[PDB]
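Top line first, the protein sequences correspond to chains T, o, I and b.
Going by PDB author numbering, 66 is the number at position 65 of the first sequence; the sequence numbering is gapless.
Going by PDB author numbering, 35 is the number at position 34 of the second sequence; the sequence numbering is gapless.
Going by PDB author numbering, 117 is the number at position 116 of the third sequence; the sequence numbering is gapless.
Going by PDB author numbering, 60 is the number at position 59 of the fourth sequence; the sequence numbering is gapless.
Every residue gets a Cβ at the ideal spot worked out from N, C-alpha and C, and that includes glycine.
Below: the structure, in structure tokens.
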Amino acid sequence: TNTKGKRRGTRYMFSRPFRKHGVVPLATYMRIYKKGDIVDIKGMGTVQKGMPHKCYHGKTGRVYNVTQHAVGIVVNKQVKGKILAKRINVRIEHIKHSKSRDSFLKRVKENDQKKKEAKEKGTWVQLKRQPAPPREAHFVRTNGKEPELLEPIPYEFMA
Amino acid sequence: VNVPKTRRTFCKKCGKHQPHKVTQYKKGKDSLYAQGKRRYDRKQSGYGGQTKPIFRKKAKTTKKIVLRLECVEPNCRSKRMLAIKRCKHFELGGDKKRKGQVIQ
Amino acid sequence: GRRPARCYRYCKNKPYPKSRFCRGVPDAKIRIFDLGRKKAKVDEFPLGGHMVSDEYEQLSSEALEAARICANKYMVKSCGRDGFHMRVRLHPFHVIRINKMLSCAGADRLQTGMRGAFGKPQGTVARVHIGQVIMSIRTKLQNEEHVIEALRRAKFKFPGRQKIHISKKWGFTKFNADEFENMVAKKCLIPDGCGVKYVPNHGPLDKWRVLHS
Amino acid sequence: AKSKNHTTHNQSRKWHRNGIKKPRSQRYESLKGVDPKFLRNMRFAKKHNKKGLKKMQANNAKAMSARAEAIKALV
RNA sequence: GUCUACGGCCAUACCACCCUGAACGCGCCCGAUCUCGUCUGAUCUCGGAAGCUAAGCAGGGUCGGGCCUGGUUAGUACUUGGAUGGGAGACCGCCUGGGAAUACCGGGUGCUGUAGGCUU
RNA sequence: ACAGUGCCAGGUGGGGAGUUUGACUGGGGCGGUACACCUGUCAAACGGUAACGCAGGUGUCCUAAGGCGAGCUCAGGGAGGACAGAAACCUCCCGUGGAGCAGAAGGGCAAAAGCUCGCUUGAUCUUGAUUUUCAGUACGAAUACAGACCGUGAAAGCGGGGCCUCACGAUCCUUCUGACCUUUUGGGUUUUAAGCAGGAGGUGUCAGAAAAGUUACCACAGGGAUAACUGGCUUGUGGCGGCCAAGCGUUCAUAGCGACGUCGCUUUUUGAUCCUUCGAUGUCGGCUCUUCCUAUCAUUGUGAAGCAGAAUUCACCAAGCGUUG
RNA sequence: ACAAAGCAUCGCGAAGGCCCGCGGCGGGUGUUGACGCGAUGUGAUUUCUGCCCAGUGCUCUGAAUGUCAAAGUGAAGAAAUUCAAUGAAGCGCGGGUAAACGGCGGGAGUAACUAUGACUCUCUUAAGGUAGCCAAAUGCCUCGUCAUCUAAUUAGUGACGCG
RNA sequence: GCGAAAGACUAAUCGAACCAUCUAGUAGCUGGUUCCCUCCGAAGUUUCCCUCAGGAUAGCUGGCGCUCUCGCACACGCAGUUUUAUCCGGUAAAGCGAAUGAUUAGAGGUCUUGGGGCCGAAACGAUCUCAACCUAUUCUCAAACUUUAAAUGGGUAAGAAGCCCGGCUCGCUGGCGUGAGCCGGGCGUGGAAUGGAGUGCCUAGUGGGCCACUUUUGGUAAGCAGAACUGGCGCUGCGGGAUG
RNA sequence: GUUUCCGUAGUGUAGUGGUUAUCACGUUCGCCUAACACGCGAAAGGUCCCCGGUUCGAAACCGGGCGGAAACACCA
Ligand SMILES: [Mg+2]
Ligand SMILES: [Mg+2]
Ligand SMILES: [Mg+2]
Ligand SMILES: [Mg+2]
Ligand SMILES: [Mg+2]
Ligand SMILES: [Mg+2]
Ligand SMILES: [Mg+2]
Ligand SMILES: [Mg+2]
Ligand SMILES: [Mg+2]
Ligand SMILES: [Mg+2]
Ligand SMILES: [Mg+2]
Ligand SMILES: [Mg+2]
Ligand SMILES: [Mg+2]
Ligand SMILES: [Mg+2]
Ligand SMILES: [Mg+2]
Ligand SMILES: [Mg+2]
Ligand SMILES: [Mg+2]
Ligand SMILES: [Mg+2]
Ligand SMILES: [Mg+2]
Ligand SMILES: [Mg+2]
Ligand SMILES: [Mg+2]
Ligand SMILES: [Mg+2]
Ligand SMILES: [Mg+2]
Ligand SMILES: [Mg+2]
Ligand SMILES: [Mg+2]
Ligand SMILES: [Mg+2]
Ligand SMILES: [Mg+2]
Ligand SMILES: [Mg+2]
Ligand SMILES: [Mg+2]
Ligand SMILES: [Mg+2]
Ligand SMILES: [Zn+2]
């Protein structure tokens with residue numbers, strides 16, 4: 002049997018990456034979070050107060066609370082089946098803004114724009130994304146060379 | 002461990018930090034007339050043998066030490082409990098431990 | 002003494018290197034990984050003969066022992082005591098274990114069977130991959146056949162199979178042998194006893210000023 | 002009388018037979034867990050929305066008649 | 001072109017040495033009356049403005065070490081799936097897809113934010 | 001006036017009574033504790049995962065070894081400097097951490113979390129919310145807040161024990177503390193007792209029985225879920241046999257041998273294992289009797305010899321018939 | 001194997017020893033009296049019966065300043081009560097007892113072949129196994145060593161004894 | 001009870017008689033458990049237990065429903081998918097001329113220094129030598145090492161509960177504003193493919209498992225012991241593998 | 001193989017809690033003696049088994065090893 006300890010096996014997880022042991026860069030606690038914002042937890046060794054727990058390391062969740070230097074945040078945690086939407090309290094040093102959201106809200110700001118315009122025209126524009134289509138028959142042109150002849154090369158034991 | 006004989010901390014009644022007089026706690030003499038004893042008396046009474054369990058399996062070698070604080074200002078004198086983590090050695094007012102000296 | 006090499010032939014368990022975590026290891030049997038004239042120069046021994054493994058297996062410390070000696074003996078011979086250099090390129094590094102021989106006296110009364118099956122260190126063993134070299138010899142280009150036969154005899158002290166191969170390098174370096182003389186004059190390479198130092202167009206200019214001076 | 006000591010063998014089957022359910026989320030989730038000084042204030046904000054409903058109602062008809070004028074000026 | 005004050009990202013900014021710095025500043029620098037601190041006005045605190053770029057700092061320089069990025073190593077090592085494939089076995093080949101790391105070669109060497117100067 | 005009987009009290013009491021005499025466990029017993037916890041690993045790059053799998057640690061210690069605040073810089077090395085040497089003390093230079101941070105390791109740490117000082121009690125009082133084991137129950141431990149009282153610092157802040165991951169304990173009972181608390185019963189006053197709210201006294205089998213043996217005089221319910229025979233799988237060990245060949249053999253590797261190594265066979269050794277049998281397969285030898293194998297001791301036929309003869313080893317076809325008192 | 005004669009301890013002068021019974025001023029030994037009764041141990045005869053009272057027992061006109069209850073007495077209180085002084089037997093302390101249970105050791109040097117060691121050093125304990133006896137029904141190593149008995153003996157007998 | 005003692009004997013019975021009753025004593029343990037057809041259909045895992053042949057609770061199962069959806073030319077929702085973005089990761093591999101830990105060789109070094117020497121009274125004098133260090137090198141390694149660093153894989157996100165305006169409320173927050181909360185208007189298919197979804201009650205059986213690909217821990221190995229991932233067998237016949 | 005116990009002067013043995021090392025004998029030197037004994041005075045002698053760690057400091061406290069010893073290996 003193994004030990005239930007809160008920081009078991011994190012020997013390699015919470016470890017500051019490389020050539021970064023030291024002062025936390027001050028930007029990381031001067032960006033703002035407000036309820037609704039989506040956040041990806043990523044623990045960190047230097048700050049021990051308010052750490053998450055290793056099963057949330059790498060997970061995302063939205064924000065529901067904001068205290069003086071921590072953020073209440075709801076993530077999903079799968080347990081033997083049933084997924085429990087549970088809310089944890091994590092100090093800011095272990096948190097980033099997830100740009101996972103931000104591809105859309107840029108497809109949105111552009112979709113809303115491309116619909117307000119081209120509405121004075123009435124021309125229906127492709128608003129939906131659409132997966133990578135078949136590559137659309139074209140030409141190839143060799144100019145004045147035949148292709149280069151390739152031959153499988155004779156084996157020889159290198160060692 | 003070692004603790005000082007006095008300390009300033011919250012006195013529940015005054016609503017303020019106030020000087021206290023620290024002393025460690027010893028149990029009281031058991032009543033002989035508390036309900037539990039009176040009951041245990043006249044069930045462990047008669048031709049029955051022993052009735053309630055009794056310990057013969059002791060495990061730990063120390064008890065949590067309990068400080069019995071009391072308000073120094075008069076008219077309050079409201080004693081209060083304070084438990085501390087265990088220790089098999091304990092004193093009061095013992096010798097502030099003298100950094101940077103010769104260990105003879 | 003020791004179980005036959007059968008039982009410790011395959012690489013089953015993760016490497017068990019001698020460290021603070023296993024101790025009391027009996028010192029490896031093979032000790033001297035190179036003999037002959039290890040005081041040679043690169044400029045006088047152009048024949049990199051190899052003995053390359055063809056199977057992913059283990060080699061006992063005591064095997065690398067006999068394989069070296071029996072090659073020292075078909076060498077200094079036809080070659081002479083000065084005319085070669087022999088390298089063993091597998092240091093027995095991984096510690097092999099033995100459950101304690103299930104020792105019993107008389108018929109028996111008890112052994113516990115498997116409780117605490119974990120056993121003691123018994124010896125050491127080399128890990129070998131396909132296409133990885135075991136032994137390498139270097140002599141004069143004159144003496145090719147005697148490298149082939151000296152390595153051919155050492156095959157018979159080894160389990161599994163291994164091909165004998167003559168390298169395109171110069172002696173023990175990493176440099177293709179058709180190119181050595183060219184990279185020696187103009188000093189892309191500088192003699193360094195056995196090996197050779199590849200000097201690039203990188204460093205301070207005064208480091209050059211020594212050469213071509 | 003030794004026995005097996007553990008396994009997660011067909012457990013994936015079991016808890017995926019009723020198809021692991023991401024927790025059904027409604028709008029308006031509970032405020033339980035938010036710091037009291039937020040609520041202890043936002044309840045006073047909510048409790049006195051009505052004091053100031055006259056401003057809200059007349060100022061609503063102002064924009065409702067200014068945008069009934071904006072949609073009629075377009076007409 | 002550049003500095004000073006406060007900075008962001010934290011080596012393309014470091015380190016080693018080499019060369020050059022107009023004017024503003026930054027500094028070295030000159031004192032211990034008061035404030036303050038020491039075994040020592042060495043540091044810190046304070047009052048200064050006689051000197052000098054000697055150094056820090058700035059700016060460059062090195063077939064410089066380091067870092068930052070590309071190439072190669074290499075479709076190599078490894079691997080998701082697949083077969084009534086091979087092999088006594090170790091292992092190995094192919095099909096369907098993904099795809100690294102050194103040594104070895106190149107290129108680069110701090111970008112900027114706000115507020116104030118100087119080159120009027 | 002005690003002997004003695006009547007009744008209470010202390011002692012003594014396997015003479016007698018009742019009962020108990022843990023669990024895990026490559027059968028059990030004896031050995032351990034994998035029985036509550038904590039590191040690194042195993043663990044297959046989310047988490048989670050087993051064995052009496054490894055390598056280890058805990059039942060602590062701290063009045064500061066905590067809380068702020070300053071102030072510096074550590075291990076190690078070089079060069080110097082009266083006694084002074086590999087080591088005392090002083091001084092300069094280098095010093096990304098190679099020291100230190102009470103302990104196991106693992107993470108984390110530099111005008112710090114390290115060391116040195118001054119001031120201290122946030123190790124205090126009080127509701128809830130959440131994390132960790134998880135049933136998503138407790139206990140423990142922890143994380144964010146909010147409300148008081150403070151400590152500290154110019155201040156921003158920081159601080160409700162110990163830089164982070166372990167250092168702990170229900171019901172019942174007992175004790176202590178708190179409220180001009182409630183009940184103490186037909187009213188009223190005092191004791192006394194019972195409540196309410198927090199601490200302590202403890203269960204180490206650590207979600208918590210008050211507990212020694214023996215049975216070869218033994219009993220019952222069962223168990224092939226669990227041994228002692230056979231049989232299987234395996235083959236370490238045992239036996240038998242090859243390959244390479246350094247050497248022995250006066251000389252000569254291989255007539256006969258053969259080290260250092262290496263590949264196998266075999267189930268006439270012992271082990272491992274626990275698949276079969278516990279509504280029982282009679283569990284050592286010897287006697288008798290049959291048959292079979294060849295890994296040939298003799299005899300038929302042969303090839304080898306360091307075979308002159310004799311004698312003798314080595315090998316081949318060979319199990320026909322022998323192998324005793 | 002038991003018994004046994006014999007040897008030996010042990011209690012007891014009768015309101016006694018041992019013992020039965022549910023109870024009586026009840027019964028057994030007892031129609032008894034220490035040459036008797038009860039309780040054990042060994043086992044004829046012969047020859048002997050060695051050390052140890054530290055342990056556990058038993059026991060002793062033995063000190064009970066150790067403790068120790070019921071009552072009893074003393075004190076405070078309004079009373080339940082609370083607190084005092086005191087103190088029986090046994091426990092603690094001190095004698096005796098092994099024909100009570102039982103116990104009875106380990107190291108070095110040293111003699112003129114070698115070896116062995118009379119002899120001499122420490123250490124320990126409650127004494128450290130004496131007279132005898134032994135590979136015995138008691139010896140692991142073990143088919144101990146020598147002899148004898150056999151053609152041949154893990155058997156037998158006899159000696160040897162750090163057992 | 002009785003025993004010249006074996007636990008002997010006490011009416012075929014003795015380590016404790018026979019008879020009736022208390023008595024249908026208790027059993028986590030063996031054995032059995034009675035008609036058909038139809039539909040659905042498991043577990044051998046979780047935590048706690050004087051728990052390990054048993055229970056408790058989790059799951060997995062069935063029954064009963066309900067709430068709606070609309071194939072009634074006029075659908076939202078979900079998913080053991082995949083794309084498109086986007087974070088997370090320390091295994092295979094690699095490396096050790098990058099740290100830590102091992103380790104071979106030479107060249108280079110009186111680095112330091114030594115311990116022996118040989119030539120020296122002695123001498124960093126000469127020549128060696130071996131030790132330890134280190135300057136460029138080189139051979140080989142690490143499960144409890146790591147600069148690097150995959151494959152498979154884990155999170156989210158891909159809109160109406162969404163955007164965009166207007167305005168009120170505050171005991172929080174502040175030079176003003178923040179922020180949150182409200183009211184009021186203004187605007188629709190936001191990647192592929194699939195399928196009606198949501199939710200509440202009771203609840204049996206089970207809690208000995210076994211095998212195979214790949215991964216992998218003890219062991220020499222096992223039809224051995226122990227994990228992962230999926231698949232099976234148990235619960236299941238049929239064609240094939242002679243037989244299974 | 002598992003569980004214990006030790007190692008200290010030439011020898012057998014004390015000893016502490018982490019600041020020190022004993023006793024006895026042996027031995028060396030004197031003195032008595034005609035000469036040995038005996039006796040009296042003085043003397044010298046150990047990394048406290050080898051190790052690594054903790055610590056200001058280890059002979060003594062931990063961990064490993066080496067050597068000498070003791071105790072278990074039962075039911076078939
Ligand atoms: Mg009574
Ligand atoms: Mg000055
Ligand atoms: Mg300058
Ligand atoms: Mg200058
Ligand atoms: Mg460069
Ligand atoms: Mg009894
Ligand atoms: Mg058991
Ligand atoms: Mg995984
Ligand atoms: Mg500070
Ligand atoms: Mg507060
Ligand atoms: Mg601290
Ligand atoms: Mg009354
Ligand atoms: Mg018997
Ligand atoms: Mg008997
Ligand atoms: Mg079985
Ligand atoms: Mg068998
Ligand atoms: Mg010869
Ligand atoms: Mg099994
Ligand atoms: Mg039968
Ligand atoms: Mg034959
Ligand atoms: Mg007797
Ligand atoms: Mg006697
Ligand atoms: Mg006595
Ligand atoms: Mg005798
Ligand atoms: Mg006799
Ligand atoms: Mg006979
Ligand atoms: Mg005899
Ligand atoms: Mg059953
Ligand atoms: Mg890992
Ligand atoms: Mg069952
Ligand atoms: Zn008070």
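I need the straight-line Cα distance from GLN79 (chain T) to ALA28 (chain T), nearest angstrom please. Locating residue 79 (chain T) in the first sequence gives position 78, counting from the first residue. Locating residue 28 (chain T) in the first sequence gives position 27, counting from the first residue. Each residue's alpha carbon lies about 32 Å from the other.
Can the beta-carbon of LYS36 (chain T) be found closer than 8 Å to that of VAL64 (chain T)? Residue numbering aside, residue 36 (chain T) sits at position 35 when the first sequence is read from its first letter. Residue numbering aside, residue 64 (chain T) sits at position 63 when the first sequence is read from its first letter. Cβ distance < 8 Å, so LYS36 (chain T) and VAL64 (chain T) count as in contact.
Report the CB separation of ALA67 (chain I) from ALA6 (chain I) in whole angstroms; it is logged as a contact under 8 Å. Residue numbering aside, residue 67 (chain I) sits at position 66 when the third sequence is read from its first letter. Residue numbering aside, residue 6 (chain I) sits at position 5 when the third sequence is read from its first letter. Actually they do not touch by this definition, with Cβ atoms about 12 Å apart.
Below 6 Å CB to CB, which residues in the same chain sit around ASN177 (chain I) once its five sequence neighbours on both sides are set aside? Counted from its first residue, the third sequence places residue 177 (chain I) at position 176. Same-chain partners within the cutoff: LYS169.
Are the C-beta of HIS130 (chain I) and some C-beta of chain T separated by less than 8 Å? Indexing the third sequence from 1 puts residue 130 (chain I) at position 129. Not an interface residue.
Note down, in chain order, every chain T residue with its Cβ under 8 Å from the Cβ of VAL134 (chain I). By one-based count along the third sequence, residue 134 (chain I) stands at place 133. Here the neighbours are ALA160.
In angstroms with no decimal places, state the Cα-to-Cα distance between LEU85 (chain T) and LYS22 (chain b). The residue given as residue 85 (chain T) occupies position 84 in the first sequence. The residue given as residue 22 (chain b) occupies position 21 in the fourth sequence. Our two residues, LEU85 (chain T) and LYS22 (chain b), have alpha carbons roughly 9 Å apart in a direct line.
Can you tell which of T:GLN49, T:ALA133, T:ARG88, T:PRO26 has its C-alpha closest to the C-alpha of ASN66 (chain T)? In the first sequence, residue 66 (chain T) corresponds to position 65, counting from 1. Nearest C-alpha to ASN66 (chain T): T:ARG88.
DSSP three-state assignment for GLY49 (chain I), whether helix, strand or coil: Here residue 49 (chain I) is taken as the residue at index 48 of the third sequence, counted from 1. Coil.
Tell whether a beta-carbon distance below 8 Å holds between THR125 (chain I) and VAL148 (chain I). Numbered from 1 along the third sequence, position 124 holds the residue referred to as residue 125 (chain I). Numbered from 1 along the third sequence, position 147 holds the residue referred to as residue 148 (chain I). Cβ distance not < 8 Å, so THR125 (chain I) and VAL148 (chain I) don't count as in contact.
Top-ranked residue by Cα proximity to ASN100 (chain I), from I:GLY120, I:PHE85, I:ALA155: As a position in the third sequence, residue 100 (chain I) is number 99, starting the count at 1. Looking at the Cα atoms, I:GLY120 is the closest of the given residues.
Decide yes or no for the touch test of the segment 103 to 114 of chain I against the segment 21 to 33 of chain I: beta carbon pairs closer than 8 Å, at least 3 of them. no
How about the segment 108 to 115 of chain T and the segment 126 to 138 of chain T: do they share at least three Cβ pairs that are nearer than 8 Å? yes
What residues from chain T crowd round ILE21 (chain b), counting only those whose CB sits closer than 8 Å? The sequence position of residue 21 (chain b) within the fourth sequence is 20, counting from 1. The contacting residues are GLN79, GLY82, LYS83, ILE84.
Beta-carbon contacts of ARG9 (chain o) that lie in its chain and below 8 Å, excluding the five residues immediately before and after: Reading the second sequence from its first residue, position 8 is the one you call residue 9 (chain o). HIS18, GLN19, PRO20, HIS21, listed in sequence order.
Are the beta-carbon atoms of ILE138 (chain I) and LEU91 (chain I) separated by less than 8 Å? Along the third sequence, read from residue 1 onward, the residue named residue 138 (chain I) stands at position 137. Along the third sequence, read from residue 1 onward, the residue named residue 91 (chain I) stands at position 90. It is not a contact, given that the beta carbons lie outside the stated cut-off.
Kindly list, in the order they appear in chain b, the residues whose Cβ is closer than 8 Å to that of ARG88 (chain T). Numbered from 1 along the first sequence, position 87 holds the residue referred to as residue 88 (chain T). Under a criterion of Cβ atoms nearer than 8 Å, the residues of chain b adjacent to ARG88 (chain T) are, in order, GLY34.
How far does the alpha helix (DSSP H) with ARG39 (chain o) in it extend, from its first residue to its last? Counting from 1 along the second sequence, the entry for residue 39 (chain o) is found at position 38. First-last of the alpha helix (DSSP H) with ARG39 (chain o): 36 to 42.
Just verifying my parser: in three-state terms, what is the DSSP assignment at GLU71 (chain o)? Here the question's residue 71 (chain o) lines up with position 70 in the second sequence. Of the three classes helix, strand and coil, the one that applies to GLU71 (chain o) here is coil, per DSSP.
For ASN66 (chain T), the first and last residue of its enclosing alpha helix (DSSP H): What you label residue 66 (chain T) is simply residue 65 of the first sequence in a count that begins at 1. Run containing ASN66 (chain T): none in the alpha helix (DSSP H); it sits in the beta strand (DSSP E), 61 to 67.
Give a yes or no on whether the C-beta atoms belonging to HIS95 (chain T) and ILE42 (chain T) are separated by under 8 Å. As a position in the first sequence, residue 95 (chain T) is number 94, starting the count at 1. As a position in the first sequence, residue 42 (chain T) is number 41, starting the count at 1. Cβ distance < 8 Å, so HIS95 (chain T) and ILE42 (chain T) count as in contact.
Relative to chain T, which residues along the segment 153 to 168 of chain I have a C-beta separation below 9 Å, given in chain order? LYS164, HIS166, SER168
Please return the same chain residues whose Cβ sits closer than 8 Å to the Cβ of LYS38 (chain o), not counting the five positions on each side in sequence. Position 37 of the second sequence holds residue 38 (chain o). Same-chain partners within the cutoff: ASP31, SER32.
Short-range partners of chain T found in the segment 50 to 75 of chain I, where Cβ spacing is below 9 Å: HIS51, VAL53
Alpha carbon to alpha carbon, how far is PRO26 (chain T) from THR47 (chain T)? Give it in angstroms, no decimals. Translated into positions along the first sequence, residue 47 (chain T) becomes position 46. Translated into positions along the first sequence, residue 26 (chain T) becomes position 25. Answer to the nearest angstrom: the Cα atoms are 12 Å apart.
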